[PDB]
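Colleague: Here it is: the structure, laid out below.
In this analysis, Cβ positions are derived from the backbone assuming ideal geometry, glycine residues included, and neighbour counts consider all displayed protein chains. All of this is worked out from the model, or read from it or from the source named; these are not laboratory values.
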Amino acid sequence: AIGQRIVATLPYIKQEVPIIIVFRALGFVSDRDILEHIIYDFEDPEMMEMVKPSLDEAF
Amino acid sequence: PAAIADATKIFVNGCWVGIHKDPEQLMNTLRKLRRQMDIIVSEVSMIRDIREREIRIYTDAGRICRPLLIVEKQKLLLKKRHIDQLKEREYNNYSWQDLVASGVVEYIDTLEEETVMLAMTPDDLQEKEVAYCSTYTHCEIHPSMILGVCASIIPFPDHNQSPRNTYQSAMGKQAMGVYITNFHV
Amino acid sequence: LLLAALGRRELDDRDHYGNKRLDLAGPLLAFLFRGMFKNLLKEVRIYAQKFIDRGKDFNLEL
Amino acid sequence: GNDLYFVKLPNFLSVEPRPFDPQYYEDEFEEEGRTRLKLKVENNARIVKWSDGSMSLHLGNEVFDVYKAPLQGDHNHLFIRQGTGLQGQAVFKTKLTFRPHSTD
Amino acid sequence: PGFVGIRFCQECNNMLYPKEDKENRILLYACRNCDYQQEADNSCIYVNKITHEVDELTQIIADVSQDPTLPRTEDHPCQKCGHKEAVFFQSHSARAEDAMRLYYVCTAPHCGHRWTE
Amino acid sequence: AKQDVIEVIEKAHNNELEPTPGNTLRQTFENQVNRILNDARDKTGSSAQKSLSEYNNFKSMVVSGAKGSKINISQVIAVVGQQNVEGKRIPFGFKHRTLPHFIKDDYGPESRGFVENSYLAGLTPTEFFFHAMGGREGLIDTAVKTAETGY
Amino acid sequence: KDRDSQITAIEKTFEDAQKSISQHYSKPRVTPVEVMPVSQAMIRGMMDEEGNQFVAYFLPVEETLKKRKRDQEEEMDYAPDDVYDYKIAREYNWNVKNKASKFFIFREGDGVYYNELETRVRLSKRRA
Amino acid sequence: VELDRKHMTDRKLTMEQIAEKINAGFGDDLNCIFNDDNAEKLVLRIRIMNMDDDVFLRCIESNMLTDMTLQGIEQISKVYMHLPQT
Amino acid sequence: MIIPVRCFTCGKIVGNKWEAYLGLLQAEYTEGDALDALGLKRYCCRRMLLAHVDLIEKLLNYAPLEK
Ligand SMILES: [Zn+2]
Ligand SMILES: [Zn+2]
Ligand SMILES: [Zn+2]
């Protein structure tokens, strides 16, 4: 809608799933933990704003 | 995760197994190990992507690779003693595997060729009025080995238009001869 | 994916043979053998089930 | 006298570190057993030098042609450390470098 | 202007979203999971660089000087260490049209200075 | 011609090259290089064509129109020329390289598929592979156009 | 199997190695020239640092700073891990502390005699 | 929003026309102000006149940057002027 | 499989020269000097002897059908 959303087409599932939902389903609920796993350099706001829509879509 | 920033990832057969701090000397160690026929076997591919800090190691099957002559500072490791022992191949049982075990030859796959700087011939390793590379890592055993079985029968294929070489490579297969020695049975 | 979307990495080439694998006689016969051994174990399961349901031993050779 | 006489034999050709003496030898070992007894009967040694330059191993009726590879990765200083002096009286003989690989 | 980074709550470690306090007429960063709030210090909430005026020197890493496949030159010495040799390469990055520009890196170990002519 | 291409490369590397209207800087550099190399190919072909005698049998068959063209004579005598894949120079199929024998980011003529030899001179291994790529393009076109044209 | 055959087969090589030899194994076409008859402790060296345990590497006939490599132990809990150095004096020379880097067998022309002196444990030293 | 002198000059465009187009597409509900075409940075500032406000600004930003036709005819991406030699 | 009888081009007899050719080659003749010794002066007959592959020698490695 507002920005570019990241989705994940898992096997045996016929609907796209947000990546943040998959991360939480694996036990990583805090957004900090998820971006620790995704973004390894926190000095880089470009990656951050490009992942932000996915977080905003899964709250 | 804070350590992953400056560190180099290490993938093995696609699985991210860990991270490292000095990828360069890791690659040196692993290449030494593979060239000594130590724990790493010859067909293992070990690609260091430098700009992105991955080190991808592959041991799985199906990776097409080819042998190449390793190059020292600007010299081949294939010295004249290896050719001498290869000339009497039928007496001293000095074979190809001894050439590979000597760390003189290496199998490089398609993905590790991206990180390799090849010399087409040892003439490329000569110091020139303007050096092209001066940091080669491997050398072709012979460029004619880029051809297959049926194209390796064309004489002077580099003086033909390439479609002609393809048509011959197809037509050497319909050519008559003696398809096999035991054709009587 | 983000590195590709941010232009910091190149898209991967589908045609690069570094991205390909050659399925040779061994790994192909292995695919066949997995399927066929699974079918064999299945048939053994039905055969042994129809005997133990009667509460008696069975000959695996049959 | 001081020449490199280093050789690296594989597991199935491990010769005895001491001369064969009847007071140091005993019967303990027996296609399965055929490779077993060959460890303590065929394994004293005479490294023949031929005219082509290569060497060969002579421990009986069979001849194993060896190749004196000259390695610059294991440049260890080989020395007869016998327990006599302070702690192993290493005698200065020849630095091991070249390893000869015997095989059938 | 510069970009704006994400900031997380101090309790739930979720991202703080922007909010406005009418009472003081002041920007706040508040968590929509917990009930944490913070006084902003930048006052800027969003930044879009349409021109994409990115300094690609920041994207380069000195380790690239170890690449045997990159070209080396002796004509551009390093301004930080004085080493003569240096590797050079093009941008090869998407969203950069004038990408024939060359970026240089010093091959001296532990210097790793990067620049552009 | 190779020195001219080197000069254009040096200009592009120093940002001394400004794009022309209707093209990006990459496309303008490619246009300049391709123009230089096409000029080289045409000049060398003209040199070969003028060198021919009245007894030359290539010239005999081309003159009568029985078979061949002046470009074929140029490729047999002078220079085979630029190999193109999809109307562009040889692509960087490796990482910023056409082959592992070249340095990264080498837009020179030999790196990108200019065959500076003739068929009588013989192609070098990289020229041989690039020429095989260009010929594969023609084989694919011949084998793929048939279904669409017949339909 | 049996010992009365093992005794004679082990002596058999000790006797056959001393006969006349004039032929190869695969192609008896190469004539022999000469013969080379056959605890220990070798200090390995790193090829970058390039270690000079002896005066040979230093390109020296004899020790210009010693006369006897009194290889003495580093401590009481290190018999195989001694400290080899070429210093006849209590001088602070290059203290090469041969750490425990735990077949590499060694032999010599011991007057054309039949023996062996295989190595015990590959140690490797550094500049301590 | 910060403009760039190069693209402003390449289209003979001025902040007056841009501001008029914004105030026409969104009426008076979206106030826009701007400086003269003399400063070193071509800048113009928008506010909303009276979902939360900031999200609405972000949405109209992403929309204006795509659908706000300053000049030209829709569906015509590029145009090349030239002399035909033939 | 066996040495032809005649040269395909001129019709000179080459069938009686294969064994002599081999005997000259083991006598440390070069192939050219051997072909000169047998009197093959036209390059067609030199082609016949020089390009011949004696496959019959390999076909005689198989036991016949009857003993
Ligand atoms: Zn919170
Ligand atoms: Zn520097
Ligand atoms: Zn004839």
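Colleague: Need the failing condition index for G:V61 against (1) hydrophobic (A, V, I, L, M, F, W, C); (2) within 23 Å of the chain's Cα centre (by Cα); (3) within 7 Å of chain D (Cβ to nearest Cβ), just the number.
Modeller: Answer for G:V61: the failing condition is (3).
Colleague: A follow-up question, please. Can B:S144 be described as at the interface with another protein chain (Cβ under 9 Å from one of its Cβ atoms), over 23 Å from the mean Cα position of the chain (by Cα) and among the hydroxyl-bearing types (S, T, Y)? Spell out how you get there, then give the answer.
Modeller: Values: at the interface with another protein chain (Cβ under 9 Å from one of its Cβ atoms): yes; over 23 Å from the mean Cα position of the chain (by Cα): no; among the hydroxyl-bearing types (S, T, Y): yes.
Judged against the criteria, B:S144 is not a match.
Colleague: Further, regarding this structure: Checking G:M36 against (1) among the aliphatic types (A, V, I, L, M); (2) under 28 Å from D:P17 (Cβ atoms); (3) part of a loop (DSSP other than H, G, I, E, B); (4) within 7 Å of chain D (Cβ to nearest Cβ), only one condition comes out false. Which one?
Modeller: (3)
Colleague: Restricting to segment E:76-106, and then to whatever is within 8 Å of another protein chain (Cβ to nearest Cβ) and among the charged types (D, E, K, R), can you tell me which residue is nearest to ligand 2 (Cβ to nearest atom)?
Modeller: Per the stated criteria, the residue is E:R101.
Colleague: It is to be established whether one or more residues within segment A:45-59 are within 14 Å of chain E (Cβ to nearest Cβ), assigned to a loop (DSSP other than H, G, I, E, B) and out of contact with any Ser or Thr (no Cβ under 7 Å at 6 or more places or on another chain).
Modeller: Taking segment A:45-59 first, the residues within 14 Å of chain E (Cβ to nearest Cβ) are A:45-59.
Now narrow it down to the ones that are assigned to a loop (DSSP other than H, G, I, E, B): A:58-59.
Okay, now just the ones that are also out of contact with any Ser or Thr (no Cβ under 7 Å at 6 or more places or on another chain), so A:58-59.
Yes: one or more hits.
Colleague: Separate question: Of the residues that make up segment E:47-54, is at least one in contact with a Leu (Cβ under 9 Å, 6 or more places away or on another chain), within 8 Å of another protein chain (Cβ to nearest Cβ) and surrounded by fewer than 16 Cβ atoms within 10 Å (Cβ to Cβ)?
Modeller: The answer is yes, given that some residue of segment E:47-54 is in contact with a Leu (Cβ under 9 Å, 6 or more places away or on another chain), within 8 Å of another protein chain (Cβ to nearest Cβ) and surrounded by fewer than 16 Cβ atoms within 10 Å (Cβ to Cβ).
Condition check ((1) of a type outside the set (F, W, Y); (2) over 11 Å from the mean Cα position of the chain (by Cα)) across all residues:
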| site | (1), (2) |
| --- | --- |
| H:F26 | no, yes |
| H:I33 | yes, yes |
| H:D37 | yes, yes |
| H:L42 | yes, yes |
| H:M49 | yes, yes |
| H:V55 | yes, yes |
| H:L65 | yes, no |
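Colleague: Which residue is surrounded by the fewest Cβ atoms within 10 Å (Cβ to Cβ), if the candidates are limited to segment B:131-185 and must be touching a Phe, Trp or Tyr at 6+ places or on another chain (Cβ under 9 Å) and of a type in the set (V, I, T)?
Modeller: Among those residues, the one meeting the criterion is B:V185.
Colleague: Report yes if some residue within segment H:56-69 is on the phi > 0 side of the Ramachandran plot and assigned to a helix (DSSP H, G or I); otherwise report no.
Modeller: no
Colleague: Out of the residues in segment D:4-17 meeting the condition of being assigned to a loop (DSSP other than H, G, I, E, B) and under 11 Å from the mean Cα position of the chain (by Cα), tell me which one is nearest to the other protein chains (Cβ to nearest Cβ).
Modeller: This residue is D:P17.
Colleague: Report yes if some residue within segment G:14-31 is touching an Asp or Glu at 6+ places or on another chain (Cβ under 7 Å), surrounded by 13 or more Cβ atoms within 10 Å (Cβ to Cβ), more than 7 Å from chain D (Cβ to nearest Cβ) and part of a loop (DSSP other than H, G, I, E, B); otherwise report no.
Modeller: Checked segment G:14-31: no residue is touching an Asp or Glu at 6+ places or on another chain (Cβ under 7 Å), surrounded by 13 or more Cβ atoms within 10 Å (Cβ to Cβ), more than 7 Å from chain D (Cβ to nearest Cβ) and part of a loop (DSSP other than H, G, I, E, B).
Colleague: Related question: Would you please name the residue that is nearest to the other protein chains (Cβ to nearest Cβ), looking only at residues in segment D:20-45 that are touching an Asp or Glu at 6+ places or on another chain (Cβ under 7 Å) and part of a loop (DSSP other than H, G, I, E, B)?
Modeller: Ranking the candidates gives D:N44 first.
Colleague: A further question follows. Could you name every one of the strands (runs of 3 or more DSSP E) located completely within segment E:1-98 that has at least 3 residues being outside the structural domain of E:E117 (by CATH) and within 16 Å of ligand 1 (Cβ to nearest atom)?
Modeller: Working: elements: E:17-21, E:26-30, E:37-39, E:86-90.
Hits in segment E:1-98: E:17-21, E:26-30, E:37-39.
Colleague: For segment F:12-37, what are the residues that are more than 11 Å from chain E (Cβ to nearest Cβ) and in a loop (DSSP other than H, G, I, E, B)?
Modeller: Passing the criteria: F:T20, F:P21, F:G22.
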